[PDB]
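Descriptive analysis of the structure
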2 protein chains.
Amino acid sequence: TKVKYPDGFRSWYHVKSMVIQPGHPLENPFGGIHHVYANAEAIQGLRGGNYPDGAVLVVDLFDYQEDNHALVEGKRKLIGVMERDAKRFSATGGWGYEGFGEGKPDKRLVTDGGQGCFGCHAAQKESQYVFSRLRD
Amino acid sequence: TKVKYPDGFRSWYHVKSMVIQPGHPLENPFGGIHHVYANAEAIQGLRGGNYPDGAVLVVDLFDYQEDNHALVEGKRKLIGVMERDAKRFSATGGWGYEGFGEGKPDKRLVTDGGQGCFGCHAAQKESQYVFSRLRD
Ligand code: HEC
Ligand code: HEC
Ligand SMILES: [Zn+2]
Ligand SMILES: [Zn+2]
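Residues numbered from 1 in each chain as written, not as in the entry; some residues may be left out. Chains lettered and ligands numbered in written order. Heavy atoms only, no water. Residues with missing side-chain atoms left out of burial classes, pairs and counts.

The name given to chain A in the PDB entry is Cytochrome c, with the source organism recorded as Methylococcus capsulatus str. Bath.

See below:
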């Protein structure tokens with residue numbers, strides 16, 4: 001009942017990106033440039049299907065440096081991972097919630113079995129707990 | 001002698017992102033959040049392998065909006081496209097250069113056979129006229 005580290009996530013479908021700057025309510029700790037990645041299974045959910053067991057969403061969070069009016073990606077801060085399993089992750093609405101510090105499998109960030117993650121993602125129950133929207 | 005519209009580039013490997021903000025010397029026309037994509041052939045060349053003919057790099061440029069210390073992706077402004085053909089695009093260092101307004105296949109932008117594009121990209125002869133570097 002631990003989220004598997006999503007090996008190869010970096011080769012998945014890039015869903016969207018956002019910059020969270022200092023002053024954002026979520027600055028600690030989602031401050032930075034982030035990219036959302038979906039595996040094949042998660043794409044079915046993003047396209048308007050039911051999220052199937054084995055869907056994985058990853059949010060990939062980088063530091064950035066403001067250099068002469070460019071924001072330039074620096075070090076990877078962490079990844080967030082949502083792993084679909086309606087049974088095993090039933091306590092958090094069928095998604096397993098995990099963080100990996102610097103995107104390393106040995107740096108698990110989640111210490112409450114994902115209740116805090118779920119507490120915010122709950123606001124999106126009607127879109128199956130996923131904020132990101134597919135775009136061209 | 002024309003660069004093909006890179007159908008499906010949104011499914012390709014996401015190489016990197018950067019934000020160019022007001023004040024940047026390249027604000028016209030490179031202002032916004034841009035995402036770099038690489039097909040399989042392009043990935044070979046980015047890894048320090050060589051670029052096969054049919055390698056395609058895309059730079060996907062979005063407008064952004066400020067939204068309470070978040071930069072949020074808005075409308076697509078354009079895509080830039082580099083298509084590898086050592087012989088056919090030999091006048092511009094073996095890469096064909098094209099822009100598509102709003103990434104629409106019908107809004108081709110380049111009028112000088114890509115000499116303008118190649119001029120800036122020539123700074124990067126040492127790495128085959130590619131600025132982007134693979135990251136983790
Ligand atoms: C609100 C106060 C949040 C808490 C606590 C957590 N997340 Fe979150 N998450 C949030 C938003 C507003 C977004 C969308 C960002 C965007 O670019 O639109 C996200 C996104 C994710 C993603 C990408 C999938 C998606 O739902 O869009 C993942 C994989 C994700 N978040 C995981 C995650 C984990 C593991 C958390 C606990 C450590 C967590 N999030 C907390 C808002 C909030
Ligand atoms: C300098 C003033 C530039 C001119 C004119 C053009 N491009 Fe460019 N390009 C430039 C930089 C500094 C970068 C890297 C951006 C980053 O995030 O690192 C790019 C990138 C591209 C890419 C992605 C591949 C790469 O080399 O990194 C493509 C596909 C690309 N640019 C195409 C392109 C075309 C078609 C142009 C003429 C319309 C063009 N570029 C002009 C700098 C400059
Ligand atoms: Zn403020
Ligand atoms: Zn600035």
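1. Thoughts on the pattern of salt bridges
If the charged atoms of two oppositely charged side chains come close together, the side chains can form a pair. Put simply, the rule reads: One speaks of a salt bridge when a side-chain nitrogen belonging to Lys or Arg is within 4 Å of a carboxyl oxygen belonging to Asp or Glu. Only DSSP runs of H or I with at least four residues qualify as helices, and only runs of E with at least two residues qualify as strands; both kinds are numbered from the N terminus onward. Buried residues are those whose accessible area, probed at 1.4 Å on protein chains only, stays under 20% of the maximum for their type, while exposed residues exceed 50% and partly exposed ones sit between those limits.
On inspection of all chains with the given rule, the structure shows 14 salt bridges over all chains. The closest approach of N and O atoms between B:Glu73 and A:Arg135, which form a salt bridge, is 3.0 Å. Remark: A:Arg135 occurs in the segment after α3 (115-121) and B:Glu73 occurs in strand β4 (residues 70-84); the pair is interchain, linking two chains. Each member of the pair, B:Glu73 as well as A:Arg135, carries the same accessibility label: buried. The closest approach of N and O atoms between B:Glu102 and B:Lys104, which form a salt bridge, is 3.3 Å. Connected via shared salt-bridge partners are A:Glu83, A:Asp85 and A:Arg88.

2. Comments concerning the UniProt feature "binding site: Zn(2+) 1" (unreviewed entry) in chain A
All names here are of chain A. We count it as follows: UniProt positions are given in the numbering used here, feature names are shortened, and annotations may be inferred rather than shown by experiment. The definition of a polar contact used here is a pair of N or O atoms within 3.5 Å, where within protein one atom must be able to donate a hydrogen and the other to accept one, and adjacent residues in sequence count solely through side-chain atom pairs.
UniProt's feature table lists "binding site: Zn(2+) 1" (unreviewed entry) at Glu 27, given in the numbering used throughout. Here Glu 27 is to be found in helix α1 (residues 27-30). A polar contact of 3.2 Å, which involves the side chain of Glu 27, links it to the backbone nitrogen of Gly 23.

3. Focus on the site of ligand 1
All names here are of chain A. Using the following cut-off: We call a residue near a molecule or strand whenever a single non-hydrogen atom of that residue lies within 4 Å of it. Three classes are used, and their members are as follows: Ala, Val, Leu, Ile, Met, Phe, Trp, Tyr, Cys and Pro are nonpolar, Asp, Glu, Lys and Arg are charged, and the others, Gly among them, are polar.
As a matter of local geometry, ligand 1 sits amid 22 residues, with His 34, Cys 117, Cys 120, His 121 and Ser 132 nearest to it. At 2.5 Å from an oxygen atom of ligand 1 is found a side-chain nitrogen or oxygen belonging to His 34. Measuring from an oxygen atom of ligand 1, one finds a side-chain N or O atom of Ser 132 at 2.4 Å. Among the elements of the structure, β1 (13-20), β2 (32-38), β3 (56-67), β4 (70-84), β5 (95-101) and α3 are those that each provide at least two residues to the shell around ligand 1. Per-element accounting of the shell around ligand 1 gives the leading share, four residues, to α3. A class-by-class count of the residues in the shell around ligand 1 yields 15 nonpolar, five polar and two charged.

4. Brief notes about the site of ligand 2
Residue and element names in this part refer to chain B. For ligand 2, the set of nearby residues contains 21 residues, the closest of which are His 34, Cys 117, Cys 120, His 121 and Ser 132. Measuring from an oxygen atom of ligand 2, one finds a side-chain N or O atom of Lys 16 at 2.5 Å. For the shell around ligand 2, the secondary-structure elements that each account for two or more residues are β1 (13-20), β2 (32-38), β3 (56-66), β4, β5 (95-101) and α3 (115-121). Broken down by element, the shell around ligand 2 gets its largest block of residues, four residues, from α3. Among the residues making up the shell around ligand 2, the classes are represented as 14 nonpolar, five polar and two charged.

5. Details of the packing of aromatic side chains
Each aromatic ring pair is characterised by the separation of its centres together with the angle its planes make. Stated precisely, the cut-off is as follows: Centres within 6.5 Å are what make two rings of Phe, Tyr or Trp a pair, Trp counting through its six-membered ring; a difference in plane orientation under 30 degrees is then read as stacked, over 60 as edge-to-face, and the rest as tilted. Cation placement over rings: the criterion is NZ of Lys or CZ of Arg within 6 Å of the ring centroid and within 35° of the ring normal.
With the rule as written, the count across this model stands at 10 aromatic pairs over all chains. A ring pair is formed by A:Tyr5 and A:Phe100, whose centres lie 5.0 Å apart and whose planes are at 80°; its orientation type is edge-to-face. Taken together, the residues span a long stretch of sequence, with A:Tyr5 in the segment before β1 and A:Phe100 in strand β5 at a distance of 95 residues. An aromatic cluster is present here, built from A:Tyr97, A:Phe118 and A:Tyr129 joined pairwise through their rings. The aromatic ring of B:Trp95 is capped on one face by B:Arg84, whose charged end is 5.5 Å from the ring centroid. Positioned above the aromatic ring of B:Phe89, the side-chain terminus of B:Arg88 is 4.9 Å from the ring centre.

6. Considerations on the interface of chain A and chain B
Often the size quoted for an interface is simply the accessible area lost on bringing the parts together. Put simply, the rule reads: Between two residues, a contact is recorded if the distance between any of their heavy atoms is within 4.5 Å. When two parts are put together, the accessible area they lose, computed with a 1.4 Å probe and summed over both, is reported as buried area.
Each partner contributes to the interface: chain A provides 29 residues, whereas chain B provides 27 residues. Together, A:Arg10, A:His69 and A:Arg135 form the three largest contributors to the area buried by chain A at its contact with chain B, with a combined 24%. One can count 21 residue pairs in polar contact joining chain A with chain B. Breaking the side of chain A that touches chain B down by element, the ones donating at least two residues are β1, β2, β3 and β4 of chain A. Ranked by residue count, the leading element in the side of chain A that touches chain B is β1(A), at eight residues.

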